[PDB]
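What the coordinates show
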Amino acid sequence: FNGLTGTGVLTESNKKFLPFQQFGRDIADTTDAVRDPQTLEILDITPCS
Amino acid sequence: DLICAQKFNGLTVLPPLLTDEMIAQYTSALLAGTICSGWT
Ligand SMILES: *[C@@H]1O[C@H](CO)[C@@H](O)[C@H](O)[C@H]1NC(C)=O
């Protein structure tokens, strides 16, 4: 996603990103959610089991 | 589904070999032995 590489399951989020926010992080500084560059929807990232 | 952040960084939690429902049964057996027999 926009140069941010990773592996996981992209579900659909209830997160409400502000217009200036593209990606979110957790306490471990791993991207927990990203914004799709085209449809502008918030996807929840969770690495595979 | 989603669990936690610790679980997702290699930090797993192993269940105990003795579940609580069987530790409680061990305790109940000890109590019954104390009541029926005593220290014998
Ligand atoms: C590009 O166009 C629209 C509007 O930006 C976007 O929603 C759509 O997903 C894109 N089309 C593709 C990737 O084929």
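Residues numbered from 1 in each chain as written, not as in the entry; some residues may be left out. Chains lettered and ligands numbered in written order. Part of a larger assembly, values for the part shown. Heavy atoms only, no water.

Structure determination for this entry, per the PDB record, employed cryo-EM and reached 3.09 Å resolution.

The subject of this paragraph is the pattern of salt bridges. All names here are of chain A. Counting across every chain of the model gives 2 salt bridges over all chains. Across the pair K15 and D44 runs a salt bridge, and its minimum N-O distance is 3.9 Å. One end of the pair, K15, is in the loop between strand 1 (9–12) and strand 2 (23–25); the other, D44, is in strand 4 (residues 42–46), with 29 residues separating them in the sequence. Residue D44 is classed as buried on the basis of its relative accessible area of 18%. (Salt bridge = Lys/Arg side-chain N within 4 Å of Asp/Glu carboxyl O. Helix = DSSP H or I, 4+ residues; strand = E, 2+ residues; numbered from the N terminus. Buried < 20%, exposed > 50% of the residue type's maximum accessible area, 1.4 Å probe, protein only.)

Moving on, we come to the interface of chain A and chain B. Tallying the contact residues gives 4 residues for chain A and 4 residues for chain B. At the boundary of chain A with chain B, total buried surface from both sides reaches about 330 Å², with 66% on carbon and sulfur atoms. Our enumeration of links across chain A and chain B arrives at 0 salt bridges. Along the contact surface separating chain A from chain B lie 0 residue pairs in polar contact. (Contact = heavy atoms within 4.5 Å. Buried area = accessible area lost by both parts, 1.4 Å probe. Polar contact = N/O pair within 3.5 Å; in protein donor to acceptor, adjacent residues only side chain to side chain.)

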